[PDB]
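One chain is shown next in structure tokens, namely the form deposited in one PDB entry.
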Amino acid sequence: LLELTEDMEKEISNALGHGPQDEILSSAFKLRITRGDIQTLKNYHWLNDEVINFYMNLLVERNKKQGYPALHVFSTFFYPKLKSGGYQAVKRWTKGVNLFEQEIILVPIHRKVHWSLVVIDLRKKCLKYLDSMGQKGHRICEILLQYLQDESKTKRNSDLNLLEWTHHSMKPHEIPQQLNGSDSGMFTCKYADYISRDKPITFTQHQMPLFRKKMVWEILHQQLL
């Protein structure tokens, strides 16, 4: 396994410690992660939307610099908009790219106080809804799918047979669950750090704290470790 870098540990506390709540600590993807933002990684705090729209983006780059499946990431402010704005109100969203060209698509999910994650593995022709709180989500996939079908039969006139398509919720006994009401943020990113690498979710709770730290580091340097 891994162990922490005594000097880079103290370098984290400068990002999470006292100081300005706006002093940008990292930039990229058009997202500026400030103190306030990166602070959401503290023990028991709730990850905001940037600590995610970012890590979720480093996952793409790490999968193009270590060569993993074509990975198409969507923003936190995506599903919601779609949930109420159909496809018409999301058309111009997929600009400069054929979605079906990709292998895997990661879609973060915001239910008011919760972080879920839908993995649309384009290859195997189906999507999986992973939730670290047990909560189920059928209508979520059912809806998302309906985005594709139109993201196709409207953005390429070529329809989509729904038969060859499947979706399903990953049961609590399959993937690891959280044991508190704060960490669901991480559980969603790390679900991607693995699902993205086609690797099996073998991680758990008595490790998350750490995951949190490296994560702030990972984002400082923008180097996924």
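Residues carry their position along the shown sequence, with the first being 1. The term rigid core refers to the most C-alpha atoms you can superpose between the two forms while keeping them within 1.5 Å. Shifts are known only where both forms have a C-alpha.
Below, we refer to the form deposited in another entry, which is not included among the displayed structures.
- Residue shifts between this form and the one not shown, rigid core superposed: of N53, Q178, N63, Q39, the only C-alpha displaced by 2 Å or more belongs to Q178.
- Between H72 and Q178, the Cα distance is greater in the other form than in this structure, by no less than 3 angstroms.
- Here's the thing about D198 and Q178: their CA atoms end up at least 3 Å farther apart in the other form than they are in this form.
- Once the core is fitted, the segment that moves between this form and the one not shown, counting only runs of three or more residues with each CA displaced by at least 2 angstroms, is 174-181 alone.
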